[PDB]
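Here the protein sequences come in this chain order: P and H. Here the first sequence is numbered in full-length UniProt numbering, starting from 278 and rising by one per residue. Here the second sequence is numbered in full-length UniProt numbering, starting from 340 and rising by one per residue. Read through the structure below, which is laid out as C-alpha cells, and then see the notes.
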Amino acid sequence: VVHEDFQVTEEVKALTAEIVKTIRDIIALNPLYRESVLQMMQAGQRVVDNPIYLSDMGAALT
Amino acid sequence: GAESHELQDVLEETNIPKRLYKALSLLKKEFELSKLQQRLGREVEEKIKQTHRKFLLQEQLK
C-alpha cells in the first residue's frame, strides 16, 4: 500500500474538494447511489481518516 | 489557487510595486500550472481517443 504524502498539506486536499464536488455533480446529473453516504461522510466533518479510500469509493461510482 | 502562505507573504510585502509584482508572479505560476494540467489532460484524452469510433458505434448498438 503506497500513500506517500507531502509534509506541507495546503493544496493537497483542494483536489479532494474538487473531486467531491465533481462526484456530487455527477450523481446530481446522473444519480448512481443514495445520497445518505454523502450526508454521513463530509470532507469537512473530518471523520474520514483515509482520504485515499474516499477517492476509491468516489471513483467506484464510475 | 495560491496557497494561504502565498497570500500571507503578499500581505507581508509593504511596498505597493513589490506586492504587485509578487501577485503577478503568483498569477504566472498558477497560469503555468493550469496550462500544464490542461496539456496533460489533452494528451491523455487523445491517447484514449485512440479508442476508435468502432467502439462508439458498438456502444450505439448496445
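Backbone N, C-alpha and C fix where the C-beta goes; we use that ideal spot for every residue, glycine too.
C-beta atoms of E287(P) and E342(H) nearer than 7 angstroms: It is a contact, given that the beta carbons lie within the stated cut-off.
Proximal residues of chain H, C-beta to C-beta of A291(P) below 9 angstroms: From the beta-carbon of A291(P), the residues of chain H found nearer than 9 angstroms are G340.
Alpha carbon of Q284(P) to alpha carbon of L395(H), nearest angstrom: Answer to the nearest angstrom: the Cα atoms are 44 angstroms apart.
Beta carbon proximity, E295(P) to chain H, threshold 7 angstroms: Under the 7 angstroms criterion on CB atoms, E295(P) is classed as non-interfacial with respect to chain H.
At least three beta-carbon pairs within less than 8 angstroms, the segment 341-360 of chain H to the segment 315-329 of chain P: Counting Cβ pairs under 8 angstroms, fewer than three are found: no touch.
Interface partners of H344(H) on chain P, CB under 8 angstroms: Within chain P, the residues near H344(H) are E287.
Spatial distance of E281(P) from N354(H) (CA atoms): Approximately 40 angstroms between the Cα atoms of the pair.
As assigned by DSSP and simplified to three states, the class of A341(H): Three-state DSSP puts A341(H) in coil, outside helix and strand.
Among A294(P), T339(P), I303(P), nearest to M318(P) - alpha-carbon criterion: Of the listed residues, the one whose Cα sits closest to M318(P) is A294(P).
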